[PDB]
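So the structure is just underneath, and the comments pick up after that.
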Protein chains: 4
Amino acid sequence: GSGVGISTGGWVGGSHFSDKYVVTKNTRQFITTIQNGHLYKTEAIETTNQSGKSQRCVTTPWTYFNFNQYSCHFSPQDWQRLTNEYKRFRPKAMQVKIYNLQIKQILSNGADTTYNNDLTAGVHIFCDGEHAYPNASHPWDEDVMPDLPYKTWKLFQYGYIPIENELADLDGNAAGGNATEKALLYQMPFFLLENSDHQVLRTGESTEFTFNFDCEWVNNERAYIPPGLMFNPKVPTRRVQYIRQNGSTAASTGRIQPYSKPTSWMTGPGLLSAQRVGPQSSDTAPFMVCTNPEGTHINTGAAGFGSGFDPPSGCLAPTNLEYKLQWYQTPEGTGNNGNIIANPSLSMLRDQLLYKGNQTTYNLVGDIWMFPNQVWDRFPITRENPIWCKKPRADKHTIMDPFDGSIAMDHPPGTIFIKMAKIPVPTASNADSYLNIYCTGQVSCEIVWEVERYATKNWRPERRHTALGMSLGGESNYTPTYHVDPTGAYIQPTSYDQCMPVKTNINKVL
Amino acid sequence: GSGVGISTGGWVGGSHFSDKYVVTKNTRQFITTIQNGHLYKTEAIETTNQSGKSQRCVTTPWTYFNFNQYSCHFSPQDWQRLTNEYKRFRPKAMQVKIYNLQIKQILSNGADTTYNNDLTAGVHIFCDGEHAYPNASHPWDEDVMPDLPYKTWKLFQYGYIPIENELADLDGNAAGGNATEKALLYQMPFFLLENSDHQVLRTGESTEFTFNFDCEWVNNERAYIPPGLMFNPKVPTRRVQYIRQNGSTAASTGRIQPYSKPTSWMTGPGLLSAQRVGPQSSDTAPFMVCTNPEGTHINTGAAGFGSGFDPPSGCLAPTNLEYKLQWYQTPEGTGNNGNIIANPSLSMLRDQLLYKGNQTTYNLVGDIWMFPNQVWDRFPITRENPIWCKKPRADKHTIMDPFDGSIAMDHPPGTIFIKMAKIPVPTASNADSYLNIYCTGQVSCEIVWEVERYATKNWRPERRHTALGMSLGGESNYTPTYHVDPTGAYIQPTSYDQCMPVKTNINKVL
Amino acid sequence: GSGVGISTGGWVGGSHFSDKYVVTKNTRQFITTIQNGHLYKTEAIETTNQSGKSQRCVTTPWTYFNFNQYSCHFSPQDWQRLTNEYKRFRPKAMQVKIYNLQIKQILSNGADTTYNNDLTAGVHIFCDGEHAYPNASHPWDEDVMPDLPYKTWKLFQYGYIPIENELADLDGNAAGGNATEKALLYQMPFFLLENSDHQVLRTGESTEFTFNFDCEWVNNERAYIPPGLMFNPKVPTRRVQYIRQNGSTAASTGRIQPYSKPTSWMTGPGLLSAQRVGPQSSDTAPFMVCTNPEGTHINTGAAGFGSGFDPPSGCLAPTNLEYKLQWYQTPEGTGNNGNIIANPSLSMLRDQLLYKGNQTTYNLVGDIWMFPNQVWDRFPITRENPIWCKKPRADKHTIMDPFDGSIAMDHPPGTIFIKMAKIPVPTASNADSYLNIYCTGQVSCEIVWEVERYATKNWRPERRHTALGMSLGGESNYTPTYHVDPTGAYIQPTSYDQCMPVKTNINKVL
Amino acid sequence: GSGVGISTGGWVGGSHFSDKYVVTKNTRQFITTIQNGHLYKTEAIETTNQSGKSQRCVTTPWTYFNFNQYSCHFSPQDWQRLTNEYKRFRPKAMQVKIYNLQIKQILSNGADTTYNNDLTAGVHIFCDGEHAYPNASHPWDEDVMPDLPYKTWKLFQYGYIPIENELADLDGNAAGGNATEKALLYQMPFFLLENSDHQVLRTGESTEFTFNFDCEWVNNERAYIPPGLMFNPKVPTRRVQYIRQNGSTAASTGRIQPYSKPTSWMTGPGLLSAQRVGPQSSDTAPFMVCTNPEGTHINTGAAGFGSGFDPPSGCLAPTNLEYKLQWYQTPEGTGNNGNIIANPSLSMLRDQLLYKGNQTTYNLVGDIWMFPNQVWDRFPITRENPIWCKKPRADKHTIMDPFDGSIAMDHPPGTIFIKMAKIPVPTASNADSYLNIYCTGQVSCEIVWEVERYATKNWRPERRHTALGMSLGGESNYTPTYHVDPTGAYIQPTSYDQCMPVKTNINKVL
């Protein structure tokens, strides 16, 4: 049957490894609340205002489900077994279910608050698979599904940036009159999630969404030598190296030495020239990707308009800590506390350099662009990396490697939006008061991962991700990584290697 | 299944444009409350009483759904695309659904009030499609469905005017004894919505109503020249113009000039003679349509009896601001704040004039009536105009052009009435106390619009409704029209052109 | 139908005795509550700390159903009839049902607390039949199902020991640096019951679990003589006994006497050498089974690391009270109050001894190991004994006789885990507050027992368990065993014979 | 459908008289509550303790439905019509339904208490038709179904006597040591209603029980003459009466007189010798039926051990008021208030005597036992008598006439037991607190009575039960019997004849 008192679905979880496939099931307990008091609002996002960096977003009542990260779908055991036993993997299919909803009313008299289940209140649930609305998810957000299946998942409000602010700044001047600047405002899109059709669910009801990926593989195999050493040092070469006269030393023609042969392959692109700017408040990235159409007025300049492009060095060796990719394990993390810095995976298609020689010596080429015969490996993703990124809709685009490592998909998984159906309340005024409710429920993401097992003719052992690669933590510091403190706290990895990255273990003949 | 805890219907919205059809879906969250404490009452509607203008209405417990306006069904995007891409449109069919009802009890102890869902309380829902009861809807009411899909829709009480008051005034005198005046009262109809059969719905239940229009088109195409210039100025004419003797100048017979040929067509009717009267309180319109059967007594006279006919000038040029059609975007709007004045659409079948020449010169004809060979275009409706108007049931009627622009239908969409089923309460007295409840729910109006795309042999570009035709508003005044203030306020159009009227863009060869 | 207000299952109970089978049905009323506030925690279990004995367990939110004991499934009548009328019995099949759930919210304002039934809250129910998670049940726990069907069954929290503490102690020293000790922590398994798929049930729903045993019989038949007397004292023997010279007495060769013939059979293994140690706080057992891999650091030594093996004497005569198996009937029982000591069942395959003679006399062999030709009977289980024990997963193992008497099964009945589904609560902080609920319901265990009736050629009467073997108790001491005190207290057996052990009544020819 | 909000059954009542059958339907509103706080207890039942009469009962949580009495099933109209129109009747079949359950929670804050319906709470319902548990019902209890269909029926707790107390008294002495007295305790049965399978019902559910009687008739016909007058006084007799010499008068042989012939029939058994004993507190009956096995110790003697047998005179004339059967109409009745004494039905098979003549005169035989050729009629049952009695299970028994008039059945209707399912409550202590609830519902007993109409050749009229046989009562004393006082009180019959007994009206030729 169906109704109040009949659970809609059960709990699923775990993982089933096969040769061709890996099916990782997860279920979480989520809570969403009334956002903005059921209003759309466009307000300026202001920093400390030491610099003129500002932002403008339109905040909706809606909240959304973000499934994008590996930490959500794989346990540390499932990840270790994934990266040790398989050379490559990608997400075949994804299935999300939202069930066992409970909408409860919040009754607050004074300090103490009580919770009464109304049973007739619904929730709006909307999945955008055509990407007609602006994307909610962005890589490296803290909104993502929790790692531990028993933690509650608190959803985040949905908002989006209608316009670039400094372009719309209205600052202008008396001479220009900012006509082209108003023109940007006049066409500033405004999206309501109410335009589209969507489901309204009460406690007895549930819903389901399926997604089918088609995307590129994530390669777990390591390069033991650079592509430049793909030769045989015993065999002589036919080539000639002519060196022009340098100072006193005369020009010399001679056969290239057998041990160093010319490479036909060049360094993967990346930019080492730029450096970060300014205080932590302003956007600090070394490069700023910005748009400045003629006629508009920008008073602040620099990073005020534009968004920073980081990490700038895609394949290149991160000479400085600024270039190394870095994040925090926990939202409580402050500076140097709980931060993880990317380290070399010791893959020779990764952390490349390029030296421009003059007559006397070699010097580092700061920034190298796309050039033919460039081969490189994508960032060695860990378990904490985002799975996908949304590729913009644009006429032309170059090769897609996001330097964070995420996969650029032009149709990533749809973003599932959910909110409290507004329950109005009678009021003699215009005060448009509403009833205070929230909904908790059980969401289950189940993804089918397409894996393919390695095979090698290598004689020797290879590196593997081992639990011996972990450190103790917690109070009294006897709890390992990925384990629970006596207080109940979950011990986060303190190093990039405890995150078990790919492109480390398995060797691949170049 | 069905019951408490199973939502009856989901949310629908958006629009699907085709060549033949446009289907605009909308869903709103409505709230209706107990009205008149479940009583019918006939009370006098009294103004400041500076003038003897009075009204008498019988107020019901019922509230009703008013779907009549374009703003409800079309977004500003859907409207722009409608009026730019299509020469004419009309409403094929309409489908209204009322579902996801929630009837909650209002418990008030002192100041703080609580809301408990009873689940056994029903609501009465009645659709009058035969128009046996007096029509609730009237054009240009504020009771209409809201523009923004996320705003709550508060329904209005249903009432109607049983009699014309000054006819029933009882004032009379000692000499007349007002016998014919009592005769009007003796037959004064009294309508109860309980006479008819109607549905009672609880939370699990829903209802649905379908309507099929048959009505006239709304033409979006513009006249570039007046019908008087439909000639060819190069070709000579055969006609003669004889001018009688004027003063000294002798009577002259001569061929009419090629460049000015006689027109067979005349100005569309309209009345410029009258002017508005009195204070804002009394009915101010320039013409008063009234009924004054013999023997009745009218002490106040003038606009006391009768209803004002405005705008008086149907097709004629609105010489003064009094004649221009004007309204407010928001019910908070006071004088000159938030008011929109109709402006010329620059259609040459619109804003006509007629000059009566004497011998010496031409003079404006104040009021022109129906006369043969009159051609004109209906008011250039905007997005804020009512869709339809109810044509009275009468033996004879002339051509139907409402000067507000609305379509006169003799069977418009039925008015859907809804009220709280009275839940009595035991009381030892006669005090007939009742239980205090309200109902909120989701109503969805879905209309199928019949559209037909233009085609033209014109070489040049044509005017189109553009977002560049908008102005900034809100606090700090950086928010465009049709967009949301940082406080969440929705920015209303400040001009008639921001309302995107019809009969502007597309040209039509006369 | 199904839903709130329709009971899911009825009450079952009783027993049906047959010749081949015995079907014992039971139903109880259980209550489980939120444990650890929905957290996993690993905390040290500390005693008075007079000795360095410590333990570390990871405590889950889960609670579990323990069905392991005979007292649960058999009444004293059903047990008496079982052990009197049947020579052996084993559990064919087991069927557990969990139904009539009620999840109620705990509302506490000040001291007085109220209970409101929410109806939309579920419970998680998970049965581990593959034993992928650590076993919750352990013999001789107080968590077991109650004896009396009308008592409420309060479930216990599920936890498990991830590591042996002193091995992980971190104590070490500055010289060693405890590298092998960290290695144990680094791989310390962490099990979440959320990994596996499991059911979520609301009030209307129920669940069912069936188990099929295959295990060894429990033999109720007694040995009247030792296997050493299996001869005929009238018939002479062919054997010779040569006694070497002792002191003055010369070596004598002579035929063995007819009345004492040599036995081919030897004493069942057991260990009398060891004695208990230390205060009641520390682990006191006479033998300690411990693991001490090289390189680890143990400061406390002795019973700090390792678990005690008791009773040490499997078949041997319990020379001292330390060796006798002993327990308490009620968790309120303190020292010497309500304790029951195992006594001889007077089975001659039980309570064996072995004497090593020198020339002059015989002396008791302290500890005897497995040796060929050893025959013995398992502990004479009573009605209060555990039914089964979980056999470890190990490459090699010897004969399985647990000296407590329980049956060692490598796949015992699965442990049914249950917990409150977490209902989150909105909070402005990170305080991750949750809603306070509990669930009570009706669990029914129904086991099919495989029995086989004895037959004997013995002429004489045999011992039987009789109610005359009971003592009075309670206030005023007029209530018998297994009966209810005027206060309502249930009178527990005060002696091992009132527990009606097996291997007493029925005789078996050796 | 089924569920909360759908009544399970309707109200039935009334009676349908036929020639062969009478079907009496009844429905009542019952209320049962938590008894003993869900405990079994064996406590001593102590009187004023002026005498050593004591009792010991084990009180259960269960309550039960007692349908045994005629007053329940027949109205005074249905009874009058039964006893006037029919010579004999017996209960063919019985059908009990329990439906429209409501389990409500009792919330008490201070003095005022509130009642909230939980809807998930069940009730246990168990019918014992095999009589495996001790019988709850006993004749002449006040627990019986009410007479008036609109009165509420409050059920009584179920308990039973495990042992005869003075046999178990433990009093004994130091010399005996009361070994045989402990032996009675050691085997003292203890019954739990949880042993058996039974139904658990929630509000939506109901249950039904059917019973099929086979039993003896209840004869309504009267004997107009004693069986001794079955002769013809006109016809001479052949017999001789020899009278031995008495004093002076010589022995006389002579024919027996025609008007007094010898009877072959003798007086039905009964005992007039004994008299009642002691205060109202102790058991007062004239005869005590007791059990006193050898070796037990009885200090009090007399009625301390044993139960009184009353009325002692089965068919004999009740010489004194002690022997007359007597009861109270209402539980409020005290001594001489509201008591009804059995009176002669004027049936000549009833109220017999036997005189033993000596030579000189006749004297009353005090106690007469079963003797051949005894004929008698059973007690003339009224409408307030029990219908049935449970015949003990015993090897041998004599003729079954209960002197109260009830029918002795070896399988009477099963006793329907019902109790509140225990809803536990979380408590940090062992206090095993539970939730306070009660259940009210509608029980309907419908019995099919097998009747057979009389036919007579008698010429004269016969006595009939008439309403003129009633008396006024109530306040102001204008309300008749079987009618309602202005306060609403129901006027009880004040005499045995207003109870309309059987064996009065209809004549039966001997």
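Residue names in the structure tokens use chain letters A, B, ... in the order shown, residue numbers from 1 in each chain, and ligand numbers from 1 in the order shown.
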Just want the 8 Å neighbourhood of residue 463 of chain A, counted on only C-alpha atoms, with same-chain residues fewer than 3 positions away dropped. Output as a PyMOL selection string. chain A and resi 504-506
Which residues are close to residue 37 of chain B, i.e. within 9 Å by only C-alpha atoms, leaving aside same-chain residues fewer than 4 positions away? Reply as a list in words.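 Everything that qualifies: residues 61, 422, 433 and 434 of chain B.
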Selected residues written out with C-alpha atoms, as a CSV table (one decimal), in the first residue's frame:
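New file again-v5.csv:
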```csv
chain,number,residue,atom,x,y,z
B,61,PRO,CA,-19.1,34.1,2.6
B,422,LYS,CA,-18.7,26.0,8.2
B,433,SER,CA,-20.2,30.3,17.1
B,434,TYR,CA,-18.1,28.5,14.5
```
Backbone-only DSSP, alpha helix (DSSP H) members of segment 21-173 of chain C, as a count of residues only: 14
Got a sec to pull out which chain C residues are within 6 Å of chain D, counting only C-alpha atoms, and send them as a list in words?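 Interface list for chain C against chain D: residues 5, 6, 7, 10, 11, 12, 13, 14, 467, 468, 480, 484, 485, 486 and 488 of chain C.
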May I have the residues from that selection written out with N, CA and C atoms, as a CSV table (one decimal), in the first residue's frame?
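New file part.csv:
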```csv
chain,number,residue,atom,x,y,z
C,5,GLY,N,-3.1,2.2,12.3
C,5,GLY,CA,-4.4,1.7,12.7
C,5,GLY,C,-4.7,0.3,12.3
C,6,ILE,N,-3.8,-0.4,11.6
C,6,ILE,CA,-4.0,-1.8,11.3
C,6,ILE,C,-2.8,-2.5,11.8
C,7,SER,N,-3.0,-3.4,12.8
C,7,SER,CA,-1.9,-4.1,13.4
C,7,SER,C,-1.2,-5.0,12.4
C,10,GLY,N,0.0,-10.5,15.1
C,10,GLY,CA,-0.6,-10.8,16.4
C,10,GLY,C,0.5,-11.4,17.3
C,11,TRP,N,0.0,-11.7,18.5
C,11,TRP,CA,1.0,-12.3,19.5
C,11,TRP,C,1.0,-13.8,19.3
C,12,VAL,N,2.2,-14.4,19.3
C,12,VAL,CA,2.4,-15.8,19.2
C,12,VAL,C,3.2,-16.2,20.5
C,13,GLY,N,3.0,-17.5,20.9
C,13,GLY,CA,3.7,-18.0,22.0
C,13,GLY,C,3.4,-19.5,22.2
C,14,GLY,N,4.0,-20.0,23.2
C,14,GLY,CA,3.7,-21.4,23.6
C,14,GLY,C,4.7,-22.4,23.0
C,467,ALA,N,9.3,-31.0,40.2
C,467,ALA,CA,9.1,-29.7,40.9
C,467,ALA,C,9.4,-29.8,42.4
C,468,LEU,N,9.4,-31.0,42.9
C,468,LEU,CA,9.8,-31.2,44.3
C,468,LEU,C,11.3,-30.8,44.5
C,480,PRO,N,7.1,-20.5,45.3
C,480,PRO,CA,8.1,-21.4,44.8
C,480,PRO,C,9.0,-20.8,43.8
C,484,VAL,N,5.7,-16.1,40.9
C,484,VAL,CA,5.7,-14.6,41.1
C,484,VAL,C,5.4,-14.2,42.6
C,485,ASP,N,6.3,-13.5,43.1
C,485,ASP,CA,6.2,-12.8,44.4
C,485,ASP,C,4.9,-12.0,44.5
C,486,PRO,N,4.4,-11.8,45.7
C,486,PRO,CA,3.3,-10.8,45.8
C,486,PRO,C,3.6,-9.4,45.3
C,488,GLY,N,5.1,-9.1,42.7
C,488,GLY,CA,5.2,-9.3,41.3
C,488,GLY,C,6.6,-9.8,40.9
```
Those of segment 153-351 of chain C in DSSP strand (DSSP E), formatted as a PyMOL selection string: chain C and resi 153-154+156-160+199-201+207-212+218-219+221-223+240-243+252-255+270-271+287-289+307-309+326-328+339-341
For the residues in that selection, give me N, CA and C atoms as a tab-separated table (two decimals), in the first residue's frame.
```tsv
chain	number	residue	atom	x	y	z
C	153	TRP	N	11.42	-5.89	26.88
C	153	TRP	CA	12.79	-6.21	26.53
C	153	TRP	C	13.52	-4.95	26.10
C	154	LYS	N	14.47	-4.51	26.92
C	154	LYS	CA	15.23	-3.31	26.62
C	154	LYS	C	16.50	-3.74	25.92
C	156	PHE	N	20.21	-3.51	23.98
C	156	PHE	CA	21.49	-2.94	24.35
C	156	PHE	C	22.21	-2.38	23.14
C	157	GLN	N	23.05	-1.39	23.40
C	157	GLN	CA	23.82	-0.75	22.35
C	157	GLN	C	24.81	-1.73	21.76
C	158	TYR	N	25.06	-1.56	20.47
C	158	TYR	CA	26.02	-2.39	19.76
C	158	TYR	C	27.37	-1.70	19.72
C	159	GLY	N	28.40	-2.43	20.13
C	159	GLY	CA	29.76	-1.94	20.04
C	159	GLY	C	30.68	-3.12	19.81
C	160	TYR	N	31.92	-2.80	19.48
C	160	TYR	CA	32.89	-3.84	19.19
C	160	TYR	C	34.29	-3.31	19.43
C	199	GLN	N	16.62	-2.20	5.79
C	199	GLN	CA	15.23	-1.78	5.68
C	199	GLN	C	14.96	-0.62	6.62
C	200	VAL	N	14.11	0.30	6.18
C	200	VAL	CA	13.56	1.34	7.03
C	200	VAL	C	12.06	1.11	7.13
C	201	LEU	N	11.55	1.01	8.35
C	201	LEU	CA	10.18	0.62	8.60
C	201	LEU	C	9.45	1.71	9.36
C	207	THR	N	8.72	-6.52	9.36
C	207	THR	CA	9.77	-7.26	8.70
C	207	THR	C	9.86	-8.66	9.30
C	208	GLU	N	10.59	-9.53	8.60
C	208	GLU	CA	10.71	-10.92	8.99
C	208	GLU	C	12.07	-11.44	8.58
C	209	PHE	N	12.66	-12.28	9.42
C	209	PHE	CA	13.94	-12.91	9.15
C	209	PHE	C	13.85	-14.39	9.49
C	210	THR	N	14.32	-15.25	8.60
C	210	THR	CA	14.35	-16.68	8.84
C	210	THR	C	15.79	-17.15	8.85
C	211	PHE	N	16.09	-18.10	9.72
C	211	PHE	CA	17.41	-18.71	9.79
C	211	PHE	C	17.26	-20.22	9.81
C	212	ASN	N	18.19	-20.90	9.16
C	212	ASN	CA	18.24	-22.36	9.13
C	212	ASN	C	19.54	-22.83	9.75
C	218	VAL	N	22.51	-31.73	21.12
C	218	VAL	CA	22.74	-31.57	22.55
C	218	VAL	C	22.20	-32.81	23.24
C	219	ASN	N	23.10	-33.63	23.77
C	219	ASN	CA	22.75	-34.96	24.25
C	219	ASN	C	22.37	-34.91	25.72
C	221	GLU	N	21.45	-37.60	27.59
C	221	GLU	CA	21.60	-38.91	28.20
C	221	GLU	C	22.85	-39.00	29.06
C	222	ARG	N	22.75	-39.76	30.15
C	222	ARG	CA	23.76	-39.84	31.20
C	222	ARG	C	24.54	-41.13	31.09
C	223	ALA	N	25.82	-41.07	31.44
C	223	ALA	CA	26.65	-42.26	31.56
C	223	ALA	C	26.61	-42.75	33.00
C	240	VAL	N	49.20	-59.27	31.12
C	240	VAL	CA	50.19	-59.39	32.19
C	240	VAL	C	50.49	-57.99	32.70
C	241	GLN	N	50.67	-57.87	34.01
C	241	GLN	CA	51.16	-56.65	34.62
C	241	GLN	C	52.51	-56.94	35.26
C	242	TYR	N	53.56	-56.36	34.70
C	242	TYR	CA	54.90	-56.46	35.26
C	242	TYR	C	55.18	-55.21	36.07
C	243	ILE	N	55.56	-55.39	37.33
C	243	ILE	CA	55.89	-54.28	38.20
C	243	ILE	C	57.38	-54.33	38.48
C	252	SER	N	57.71	-58.22	40.04
C	252	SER	CA	56.70	-59.27	39.98
C	252	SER	C	55.99	-59.23	38.64
C	253	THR	N	55.95	-60.39	38.00
C	253	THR	CA	55.14	-60.62	36.81
C	253	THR	C	53.92	-61.42	37.23
C	254	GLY	N	52.75	-61.02	36.75
C	254	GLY	CA	51.54	-61.75	37.09
C	254	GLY	C	50.37	-61.28	36.25
C	255	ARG	N	49.39	-62.16	36.14
C	255	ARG	CA	48.20	-61.85	35.37
C	255	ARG	C	47.43	-60.72	36.03
C	270	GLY	N	41.67	-31.11	30.15
C	270	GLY	CA	41.34	-30.03	31.07
C	270	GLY	C	42.59	-29.62	31.81
C	271	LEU	N	42.53	-28.44	32.41
C	271	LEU	CA	43.69	-27.80	33.02
C	271	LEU	C	43.35	-27.37	34.45
C	287	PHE	N	43.95	-18.90	33.26
C	287	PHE	CA	44.79	-18.84	32.07
C	287	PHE	C	44.43	-17.60	31.27
C	288	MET	N	45.45	-16.98	30.68
C	288	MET	CA	45.27	-15.82	29.82
C	288	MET	C	45.68	-16.18	28.40
C	289	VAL	N	44.75	-16.06	27.47
C	289	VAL	CA	45.02	-16.23	26.06
C	289	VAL	C	45.34	-14.86	25.49
C	307	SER	N	42.91	-12.22	27.06
C	307	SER	CA	41.61	-12.46	27.65
C	307	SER	C	41.64	-13.80	28.36
C	308	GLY	N	40.97	-13.88	29.51
C	308	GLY	CA	41.10	-15.05	30.34
C	308	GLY	C	40.27	-16.21	29.82
C	309	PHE	N	40.82	-17.41	29.95
C	309	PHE	CA	40.18	-18.64	29.50
C	309	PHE	C	39.62	-19.35	30.73
C	326	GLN	N	29.89	-20.61	36.99
C	326	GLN	CA	29.05	-19.89	37.92
C	326	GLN	C	28.51	-18.64	37.25
C	327	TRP	N	27.29	-18.24	37.63
C	327	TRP	CA	26.67	-17.07	37.03
C	327	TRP	C	25.67	-16.48	38.01
C	328	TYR	N	24.96	-15.44	37.58
C	328	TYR	CA	23.87	-14.84	38.34
C	328	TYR	C	22.57	-14.96	37.56
C	339	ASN	N	23.62	-16.12	43.03
C	339	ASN	CA	24.60	-16.79	42.19
C	339	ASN	C	24.31	-18.28	42.17
C	340	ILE	N	24.53	-18.90	41.02
C	340	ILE	CA	24.31	-20.33	40.85
C	340	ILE	C	25.61	-20.98	40.43
C	341	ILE	N	26.00	-22.03	41.14
C	341	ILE	CA	27.25	-22.74	40.91
C	341	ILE	C	26.92	-24.06	40.26
```
Env of residue 286 of chain D: 10 Å cut, atoms = only C-alpha atoms, seq-sep filter 6 positions within chain, self excluded. Answer as an MDAnalysis selection string. chainID D and resid 271:277 303 308:312 322:323
Selection file, N, CA, C and O atoms, as a compact mmCIF listing (two decimals), in the first residue's frame:
```txt
# COMPACT_ATOMS: atom_id res chain seq x y z
N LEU D 271 -30.32 -31.13 51.89
CA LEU D 271 -29.74 -31.19 53.23
C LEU D 271 -30.24 -30.02 54.06
O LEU D 271 -29.89 -28.87 53.79
N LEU D 272 -31.07 -30.30 55.06
CA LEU D 272 -31.58 -29.31 56.00
C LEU D 272 -30.87 -29.29 57.34
O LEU D 272 -31.21 -28.46 58.19
N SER D 273 -29.91 -30.18 57.58
CA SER D 273 -29.39 -30.34 58.93
C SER D 273 -28.54 -29.15 59.35
O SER D 273 -28.67 -28.64 60.46
N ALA D 274 -27.66 -28.70 58.46
CA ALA D 274 -26.64 -27.73 58.80
C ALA D 274 -27.21 -26.32 58.91
O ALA D 274 -28.30 -26.02 58.42
N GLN D 275 -26.45 -25.45 59.56
CA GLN D 275 -26.81 -24.07 59.78
C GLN D 275 -25.58 -23.21 59.54
O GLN D 275 -24.45 -23.69 59.61
N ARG D 276 -25.79 -21.93 59.24
CA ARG D 276 -24.67 -21.05 58.96
C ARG D 276 -23.91 -20.72 60.24
O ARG D 276 -24.41 -20.88 61.35
N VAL D 277 -22.67 -20.26 60.07
CA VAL D 277 -21.72 -20.11 61.16
C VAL D 277 -21.13 -18.71 61.12
O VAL D 277 -20.92 -18.14 60.05
N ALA D 303 -14.22 -23.48 58.75
CA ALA D 303 -14.37 -22.98 57.39
C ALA D 303 -13.10 -22.33 56.86
O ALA D 303 -13.10 -21.84 55.73
N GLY D 308 -17.78 -23.07 51.09
CA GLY D 308 -19.10 -23.42 51.58
C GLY D 308 -20.03 -23.83 50.45
O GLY D 308 -20.00 -23.26 49.36
N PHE D 309 -20.87 -24.81 50.73
CA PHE D 309 -21.82 -25.35 49.78
C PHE D 309 -23.20 -24.79 50.14
O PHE D 309 -23.81 -25.19 51.13
N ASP D 310 -23.68 -23.87 49.31
CA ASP D 310 -24.96 -23.22 49.54
C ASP D 310 -25.62 -22.91 48.20
O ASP D 310 -24.92 -22.59 47.25
N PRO D 311 -26.96 -23.00 48.12
CA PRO D 311 -27.92 -23.49 49.11
C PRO D 311 -27.85 -24.99 49.31
O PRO D 311 -27.74 -25.73 48.34
N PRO D 312 -27.89 -25.43 50.55
CA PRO D 312 -27.70 -26.86 50.83
C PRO D 312 -28.88 -27.71 50.43
O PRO D 312 -28.71 -28.88 50.07
N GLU D 322 -32.08 -18.90 55.82
CA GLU D 322 -30.70 -19.23 55.48
C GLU D 322 -30.64 -20.08 54.22
O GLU D 322 -29.70 -19.95 53.42
N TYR D 323 -31.61 -20.97 54.04
CA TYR D 323 -31.54 -21.92 52.94
C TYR D 323 -32.02 -21.30 51.64
O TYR D 323 -31.60 -21.72 50.55
```
Do a neighbour search on residue 449 of chain B at 6 Å with only C-alpha atoms, toss out local chain neighbours closer than 5 positions, and write the hits as JSON, numbers by chain. {"B": [21, 22, 23, 90, 91, 92]}
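Taking only C-alpha atoms, the non-local environment of residue 386 of chain A within 10 Å (same-chain residues fewer than 5 positions away omitted) comprises residues 67, 68, 69, 70, 71, 72, 138, 139, 140, 141, 144, 381, 404, 405, 406 and 407 of chain A.
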